[PDB]
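Chains as they are written, first to last, in the deposited numbering: chain F, 79 to 142; chain C, 349 to 398.
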């Protein structure tokens with residue numbers, strides 16, 4: 079858990095101001111996920127637009 | 349007397365607090381802690397008496 083640790087750190091940021099710390103210590107939370115993250119996220123995206131284009135057809139009002 | 353004031357016990361959280369002081373706002377990470385310490389006072393790279 080990083081939000082569990084961001085809890086304490088943000089509780090006691092030693093009056094730090096640099097958004098470098100903020101952004102990097104935020105984006106360090108979520109790690110790498112690829113090599114099937116890539117393909118399953120891909121299959122999910124293409125399934126999204128697949129069900130879109132499925133939805134598109136049978137058009138009573140969108141006559142053009 | 350100072351030991352009696354010391355709240356700390358182990359190498360690890362000691363080094364955590366050192367790490368913290370010199371890198372405020374940063375979470376505790378072991379490797380970076382011992383790396384920092386070893387850079388500062390026993391590394392030939394970044395410390396020289398001449």
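Here a beta-carbon is modelled for each residue, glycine too, at the ideal position from N, C-alpha and C.
Going along chain C, which residues have a C-beta under 7 angstroms from residue i?
i                     : result
residue 83 of chain F : 375
Which residues in chain F have a C-beta closer than 7 angstroms to the C-beta of residue i? List them in chain order.
i                      : result
residue 355 of chain C : Those do not exist, as residue 355 of chain C stays about 15 angstroms from chain F at its closest Cβ, beyond 7 angstroms.
Less than 8 angstroms between CB atoms is the rule here; does residue i satisfy it with respect to chain C?
i                      : result
residue 94 of chain F  : yes
residue 108 of chain F : no
residue 91 of chain F  : yes
residue 99 of chain F  : yes
Considering Cα atoms alone, identify which of the options is closest to residue i.
i                      : options                      : result
residue 81 of chain F  : F/109, F/97 and F/98         : F/109
residue 107 of chain F : F/132, F/83, F/140 and F/119 : F/83
Kindly list, in the order they appear in chain C, the residues whose Cβ is closer than 8 angstroms to that of residue i.
i                      : result
residue 87 of chain F  : 373, 374 and 375
residue 103 of chain F : 373, 374 and 375
### Query
On the three-pair Cβ rule with 8 angstroms, is the stretch 364 to 381 of chain C touching the stretch 81 to 98 of chain F?
yes
### Message
Check whether the stretch 114 to 133 of chain F and the stretch 389 to 396 of chain C are in contact - that is, three or more C-beta pairs closer than 8 angstroms.
### Response
no
#### Entry: At least three beta-carbon pairs within less than 8 angstroms, the stretch 103 to 111 of chain F to the stretch 80 to 89 of chain F
yes
### Query
Fully enclosed by the stretch 106 to 135 of chain F, which alpha helix (DSSP H) runs are 4 residues long or longer?
115 to 134
### Segment contact flag, the stretch 110 to 117 of chain F with the stretch 378 to 394 of chain C, C-beta cutoff 8 angstroms, min 3 pairs
no
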